[PDB]
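S.K.: Below is a structure I'd like to ask you about.
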Amino acid sequence: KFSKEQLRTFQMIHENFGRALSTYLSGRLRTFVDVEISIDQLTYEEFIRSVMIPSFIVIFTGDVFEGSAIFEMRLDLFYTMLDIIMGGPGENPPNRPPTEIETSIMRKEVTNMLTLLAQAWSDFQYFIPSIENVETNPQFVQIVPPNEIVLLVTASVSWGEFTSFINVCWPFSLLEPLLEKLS
Amino acid sequence: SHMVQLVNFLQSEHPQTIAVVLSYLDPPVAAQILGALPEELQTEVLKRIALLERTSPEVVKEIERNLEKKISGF
């Protein structure tokens, strides 16, 4: 798995991304939002279950990246944004799979959002993130072997009273080509 | 066919999504559709068309491209 020193460097790789995510969506939610990152090691099944059904799941990769990583966004937050960017207050979030329009709008957003991640990684590995595929069901994905360990990034999005989760999944196939380590 | 297809379309959409679409079409075509929406959406969409404070230029013609899609005549 990982080392004691590798978990620490990874806390300062979702550094900026913690603060850049913060001031990005707050700029598009037209209000102040606080974000907090909690990192952990999990099996790939410990993660594939801890995603509610259904949910907004984006799997992505990079040019220098041999593999595929997951960008998970819980649905309560998902529709909250769709509203705000369409002249809304922040409705009650319907818990349903999104329509064509509603993803096409949000793919552009999770694109600009995912780039922010890559702007924290430019110190260790430059890559242009391009989204491979989109899905709504977590028992349908499964990119790597179900018991391969994972770097799990839990972004605590919260404002006013409401609160939600943004998750990014780095599976041990990982930057194992780059685990002949950066440091 | 232009009427029936637009309705099947917006019946699925978000009360805020449905709202913006009806504000760019002229009120005739829009309300002809607003008459084919159910009880709740008829009112829920309508009170949100009230609160269209300001709209986004990129999100509209991104809907115009989610238009031009699956109805013949625009």
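By convention in this document, the chains of the structure tokens carry letters A, B, ... by their order, each chain's residues are numbered from 1, and ligands are numbered from 1 in the order they are shown.
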When the cut-off is 8 Å and we count only C-alpha atoms, which residues of chain A are near chain B, given as a list in words?

M.R.: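 Taking only C-alpha atoms into account, residues 83, 85, 86, 87, 88, 99, 100, 101 and 105 of chain A sit within 8 Å of chain B.
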
S.K.: Excluding residue 181 (chain A) and any residue of its chain fewer than 3 positions from it, enumerate the residues within 10 Å of it, using only C-alpha atoms, and give them as a list in words.

M.R.: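 Final neighbour list, sorted by chain and number: residues 6, 124, 175, 176, 177 and 178 of chain A.
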
S.K.: For residue 108 (chain A), find every residue with an atom within 12 Å (counting only C-alpha atoms), except residues of its own chain fewer than 2 positions away, and show them as a short mmCIF file (atom, residue, chain, number, x, y, z; two decimals) with C-alpha atoms, in the first residue's frame.

M.R.:
data_model
loop_
_atom_site.label_atom_id
_atom_site.label_comp_id
_atom_site.auth_asym_id
_atom_site.auth_seq_id
_atom_site.Cartn_x
_atom_site.Cartn_y
_atom_site.Cartn_z
CA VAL A 58 -17.28 11.10 -13.62
CA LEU A 82 -27.85 23.47 -11.54
CA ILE A 101 -29.34 19.01 -20.46
CA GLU A 102 -28.55 18.66 -16.79
CA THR A 103 -25.30 16.74 -17.38
CA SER A 104 -24.20 18.69 -20.45
CA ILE A 105 -24.28 21.78 -18.25
CA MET A 106 -22.48 20.10 -15.38
CA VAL A 110 -16.80 19.35 -13.53
CA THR A 111 -14.33 20.03 -16.34
CA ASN A 112 -13.39 23.49 -15.09
CA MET A 113 -13.48 21.98 -11.61
CA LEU A 114 -11.23 19.04 -12.45
CA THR A 115 -8.70 21.43 -14.01
CA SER A 130 -9.89 14.77 -20.09
CA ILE A 131 -13.05 13.01 -18.97
CA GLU B 58 -23.79 30.60 -22.15
CA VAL B 59 -26.41 28.42 -20.47
CA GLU B 62 -26.32 25.51 -24.47
#

S.K.: Could you pull the residues within 10 Å of region 26-40 of chain B, counting only C-alpha atoms, minus those fewer than 3 positions along the same chain, as an mmCIF file with C-alpha atoms, in the first residue's frame?

M.R.:
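Ended up saving to out.cif:
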data_model
loop_
_atom_site.group_PDB
_atom_site.id
_atom_site.type_symbol
_atom_site.label_atom_id
_atom_site.label_comp_id
_atom_site.auth_asym_id
_atom_site.auth_seq_id
_atom_site.Cartn_x
_atom_site.Cartn_y
_atom_site.Cartn_z
ATOM 1 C CA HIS B 2 -43.701 20.612 -32.667
ATOM 2 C CA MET B 3 -46.093 20.995 -29.738
ATOM 3 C CA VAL B 4 -46.349 17.422 -28.563
ATOM 4 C CA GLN B 5 -42.605 16.754 -28.686
ATOM 5 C CA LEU B 6 -41.605 19.845 -26.669
ATOM 6 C CA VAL B 7 -44.003 18.757 -23.940
ATOM 7 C CA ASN B 8 -42.589 15.226 -23.614
ATOM 8 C CA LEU B 10 -39.947 19.455 -20.541
ATOM 9 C CA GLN B 11 -42.059 17.051 -18.474
ATOM 10 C CA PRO B 15 -38.700 23.224 -12.645
ATOM 11 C CA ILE B 18 -38.516 24.311 -17.701
ATOM 12 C CA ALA B 19 -38.876 27.894 -16.518
ATOM 13 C CA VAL B 21 -37.080 27.570 -21.738
ATOM 14 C CA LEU B 22 -40.576 29.076 -21.596
ATOM 15 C CA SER B 23 -39.204 32.580 -21.091
ATOM 16 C CA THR B 43 -47.600 26.226 -10.558
ATOM 17 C CA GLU B 44 -44.007 25.403 -9.577
ATOM 18 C CA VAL B 45 -42.639 26.453 -12.954
ATOM 19 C CA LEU B 46 -44.843 29.516 -13.028
#

S.K.: Taking into account only C-alpha atoms, which residue in the set A:182, A:116, A:144, A:81 is nearest to residue 31 (chain A)?

M.R.: A:81

S.K.: Which is closer to residue 78 (chain A) than all the others in A:165, A:172, A:123, A:11, using only C-alpha atoms?

M.R.: A:165
